[PDB]
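One chain comes next, on its own, written as structure tokens: the form deposited in one PDB entry.
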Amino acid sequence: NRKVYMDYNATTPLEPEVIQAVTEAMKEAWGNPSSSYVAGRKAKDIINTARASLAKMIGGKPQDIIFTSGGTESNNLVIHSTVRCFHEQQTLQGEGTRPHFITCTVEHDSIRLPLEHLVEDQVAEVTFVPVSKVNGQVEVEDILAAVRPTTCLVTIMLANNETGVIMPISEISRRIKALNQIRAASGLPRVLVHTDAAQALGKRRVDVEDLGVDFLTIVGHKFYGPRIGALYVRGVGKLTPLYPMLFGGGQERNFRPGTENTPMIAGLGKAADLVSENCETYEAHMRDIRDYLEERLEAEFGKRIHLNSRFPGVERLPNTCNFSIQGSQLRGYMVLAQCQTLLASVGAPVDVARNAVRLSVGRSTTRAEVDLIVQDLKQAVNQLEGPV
């Protein structure tokens, strides 16, 4: 009678171990993090341990991790800091010359909107680069060609939010690194690189040395953790500048003031541990379920269905299947409205985007669950488009 959840890329339930860490921290580490009494000291140690956990998860160092209220804050912080950094570099050499940003057309709202805002306000310029109407992967050459003397930052999501396709962050980092050497010769400042890794963590190995990026966004609720987040900044305050959006009491080394939310940090820390320990096991399970699912969808729907995440040679998240079924009555929201068991979300090439549905599986998803939603999808399609 039960529902089958396949919307893990939108949010995830909390691992039981995460829930416990949060509950315990609330109970026992309720003190102000600076203090020397027990509850305070336990909060300090928890925060310190969680910082190390997030660093390990991404192959960075504890000091490179700044805790935030969520992915949105992390994303806005990078964008904000960049504008400030540019202004600080023009006042140090000395609406007029404005910071320039390079991003892609399919970013999350918390990257696209802050950037649209800066353009509307005439505070900055932005190039939104298109994804490949084929792979739906940005092309590295479009990013390098959009660079200007005032370009400050390239922010590109690690994976396509609708389809799961992996963007080429490594190559982008390497080729920007080479360009920075020429820029530096001409007294031009370094273009930094940020990646919103929100969808990758817990699903695919994320290593900052491998990615070569300067900033990386971490989002708790995408990996069975609580609703807070963090931001990685390569050697923050030494190798990479970070200007804060908030002002106050000194916490997070004045990069992000406000009393630390110990329980949330304890949960994010545990969530991160679990990724560090089991990423490969998660990814394998996800891949088995998503592949079995795509086998069942082609068996059932045949020529009528188009798998929008799958391309030969194109790496993608292990758990994502974005598909479209041909037919004027199979618009994505209509298909989902008619399903009685499946929980998923709309997944949106033009005619195909209107009928796109994004299925995203999780750590517990089973083939038996897959069978239930293919059957569900079968009745929904019959109701709407009818037999063909």
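Sequential numbering from 1, following the sequence displayed. Here, rigid core means the biggest group of C-alpha atoms that superpose within 1.5 Å across both forms.
Keep in mind that the form deposited in another entry is missing from the display, and what follows is about it.
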Item checked: Displaced position between the shown form and the other one, chosen from 39, 343, 52, 26 (C-alpha, 2 Å or more, rigid core) -> 39
Notebook entry, point to check: Hey, does residue 292 budge by 2 Å or more at the Cα between the shown form and the other one once the core is superposed?
Noted result: no
Notebook entry, point to check: Comparing between the shown form and the other one on the rigid core: C-alpha of residue 301 shifted by 2 Å or more?
Noted result: no
Margin query: Given a core-based superposition, decide whether the C-alpha of residue 128 shifts by 2 Å or more between the shown form and the other one.
Written below: no
